[PDB]
Every structure is written in structure tokens, then in C-alpha cells.
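Asks: Pasting an experimental structure, sequence included:
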Amino acid sequence: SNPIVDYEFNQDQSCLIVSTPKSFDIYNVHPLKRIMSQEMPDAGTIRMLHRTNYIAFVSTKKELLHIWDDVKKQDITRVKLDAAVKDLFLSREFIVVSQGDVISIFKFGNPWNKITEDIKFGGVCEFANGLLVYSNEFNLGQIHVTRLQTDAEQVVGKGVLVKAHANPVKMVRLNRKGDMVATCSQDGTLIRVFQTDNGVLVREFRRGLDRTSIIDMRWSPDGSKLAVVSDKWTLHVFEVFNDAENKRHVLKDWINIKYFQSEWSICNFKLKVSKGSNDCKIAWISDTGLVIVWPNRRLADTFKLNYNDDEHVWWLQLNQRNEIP
């Protein structure tokens, strides 16, 4: 009887937090077990802060943003919002809110205030590990990457402008450390990866020949692989860095082309999707595991990433499916 309003993973992928009309609940992603539930009226988009006791959610009743402390069972603060909230992010330092046509940044902790003037953007943004990335307001295939300086005059700040795509950016995904950004356009034809320091292009991958829209992207725990789901409804896995290049070794003949490399997924899986579910989200359970969450079905599919050592080839397997509930 309870529809899922919003759902997200905590930063390290260990938990799933969802809001219903009657409540919000927190699940352990794998193995999948409900960790806790809390009755709440009209909870909107909802986010989590690591495994800590703070949880954010946007009132679907009002323009309010509730910051909820689970130890004492109350709002430490409520924050007035000027528009609809498209996206939301938390760190022990900042609170980042994408609302309507702008991005607002608030201090986490007293006095929970706005420490810089709202940032106008083109609809697409992501914040992880102190690093902010967003679509440009005018050119929609360009992105800005900038660090948030907590101690500085002058928390703005600096920033880099990358022309990521020809067509406008569909979505954006930071890896865990935050040094790479995976990048996507409306085409969904090819996926790019940029270094966050300079915004220089690291790698380019081809998803397919035909245009599609891309539902999700997520980086492996060790930052070596990137998982992607399109609306063609196939899961793709790309290897961005093999072991040596990931560990920053010295590569003996790296210059040749050597290698002239990859460009395509090492893995696909064609997903069977009921006519209902039009969106989902991806989590890495481990360096070889994955989970897909489907809001409509309240369903979690567990996938196994296999490697054949002798043939140097990979394949995907679906291990399990579990209702939420």
C-alpha cells in the first residue's frame, strides 16, 4: 500500500534510505535487511549522512527542509526553501541543495546558514567528498568543477570549466575519492571520464550505436570500474583502470599507443523490466558485486561480476532478487 516517494544510497553505498507517505525507512543494502523505520508525514526527497544519526528530508507539505537527528528524535533545524528541490547532498561540513534553477549551500551546524550566494546552473549537479560539479546555465554540455573550502575567506571557490559534450549533459557521477567524474549526455551514446584537478579528459567509452537516455552510473568501490544503466534496459560495466594503472605504477611502454584501449564495456546484462518501472539506481556491494534498486517493484536485484583468468574476459550473473518491502 506504501509507494516509494524518494530513495537514495548513503555515500559509501552501505545503506538505502527511502521515504513513503507514511514514513521513511533505512535498509542495509547487502544482505538486504531493514535497519530502522520512522513514521513521518509528507517526507519528500530524502538523504542520509553516512551511518551517522543525522538525516535530511524535504517536506512535501511545505517549502521546508528538515534536518532530523535520530538520537533525540527531533529536527535540529528546518531551512526555508525558495523553490522545488531537484537534488540534495550532505557532508559533515556542508549541505548542498539543488532547487529550481539554482544551487544553495548551507553550513552544517550552527547557525545552519548560507555561506555563499546561490549558484545558477543548467539543471545537473553532484556533490561528493567536498567536491561540487554542476551543469552550466547557458551551455548545457559544459560543467563546472570546484572544491568547497571550509576554512577560507573565500569559500567559493576557484573552479574549472569543461566542455564535456556537444549535446547537453544528462547526468554526472563522481567516484569515491572524487578525483574522477563520469559524464553523460542526452545521447547516451558515449560516456566520458575527466580528472577533477584540471578537468582534463581521462577516458572515453562507447555505450552503443543508438541514442538512449541513461538511468544511472556508479563507480566500483576501488574506483577501477564504472557501472551504467540505460533505458534500453541493459547494464554495462566499463573497466576504467586495470590494476597497474589504478595503483599508479610506472608503465614500461605506456607510450606506443600502448595500449590503445577498451572503449567498450567488458560486460553487459540485458535486464527484464516490467512495463511499470521507468527508473532505478545502482550500488556496488563489493568490488565484484552489484545491486539494482527498482522503486516501482520495490525490488533489489543482486548481480555477480565474474572474471575468467585464462581468457581475460568478464561476465555478469544475476544472483538474486529480493522485495524490500
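Replies: Yep, that arrived. Numbering: from 1, shown residues only.

Asks: C-alpha from now on. contacts and neighbour counts both.
Replies: Fine.

Asks: Okay, now stretch 227-243: how far is its last residue from its first?
Replies: 17 Å (CA to CA, to the nearest Å).

Asks: Please apply the same query to stretch 142-159.
Replies: End-to-end for stretch 142-159, by CA to CA: 13 Å.

Asks: ok, and what's touching that stretch?
Replies: Contacts of stretch 142-159 with the rest of the structure, by CA atoms under 8 Å, 6 or more residues apart in numbering, involve 93, 115-116, 130-136, 160-165, 168-169, 196, 199.

Asks: Give the buried subset of the residues you listed as a PyMOL selection command.
Replies: Entered in PyMOL, the line below selects the buried ones among those, by 16 or more other CA atoms under 10 Å:
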select buried, resi 130+131+132+133+134+135+136+160+161+162+163+164+165+168+169+196+199
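
Asks: Give me the subset of the contacts of stretch 142-159 that lies in helices.
Replies: Using DSSP state H, the subset of the contacts of stretch 142-159 located in helices is empty.

Asks: any chance you could map the helices in the stretch 201-325 of the chain?
Replies: 243-246 (DSSP state H, counting those that start in this stretch).

Asks: can you give me the strands in it?
Replies: 201-206, 214-219, 225-230, 234-239, 267-270, 281-283, 289-294, 299-308, 313-323 (DSSP state E, counting those that start in this stretch).

Asks: ok, residue 266 - contacts?
Replies: Applying CA under 8 Å, 6+ apart, the residues near residue 266 are 236-239, 313-315.

Asks: before we move on, back to that, how about the strands of the stretch 201-325 of the chain, which one is nearest residue 12?
Replies: With CA to CA as the measure, strand 281-283 is the member of the strands of the stretch 201-325 of the chain nearest residue 12 (9.2 Å).

Asks: Quick check: residue 126 vs residue 287, distance?
Replies: Relative to residue 287, and taking CA to CA, residue 126 is found at 23 Å.

Asks: Looking at these two, which one has more neighbours?
Replies: residue 126 (21 against 15; other CA atoms under 10 Å).

Asks: Can you give me the neighbour number for residue 221?
Replies: 20.

Asks: Which residue, other than its chain neighbours, is closest to it?
Replies: With CA to CA, 6 or more residues apart in numbering as the criterion, residue 221 has its nearest non-adjacent residue at 5.7 Å, and that residue is residue 287.

Asks: Residue 81 too?
Replies: residue 63 (5.2 Å).

Asks: Assess the claim that residue 93 and residue 107 are in contact.
Replies: Yes - assessed by CA atoms under 8 Å, residue 93 is found in contact with residue 107 at 6.6 Å.

Asks: Make a markdown table from the strands of the stretch 201-325 of the chain and add distance to residue 10 to it.
Replies: Shown next, in a markdown table, are those (distance: least, CA to CA, whole Å):
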| stretch | distance to residue 10 |
| --- | --- |
| strand 201-206 | 27 |
| strand 214-219 | 13 |
| strand 225-230 | 17 |
| strand 234-239 | 21 |
| strand 267-270 | 25 |
| strand 281-283 | 10 |
| strand 289-294 | 14 |
| strand 299-308 | 16 |
| strand 313-323 | 20 |
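
Asks: out of the ones you listed, nearest to residue 103?
Replies: Closest among these, using CA to CA: strand 214-219, at 21.5 Å.

Asks: what packs against the closest one?
Replies: Packing partners of strand 214-219 (3 or more CA pairs under 8 Å, 6 or more residues apart in numbering; DSSP states H and E): strand 169-174, strand 225-230, strand 281-283.

Asks: what's the burial count for the closest residue to residue 129 other than its chain neighbours?
Replies: Setting aside the residues directly before and after it, residue 129 is nearest to residue 178 in space (CA to CA, 6+ apart), at 6.2 Å. If you count neighbours by other CA under 10 Å, residue 178 ends up with 18.
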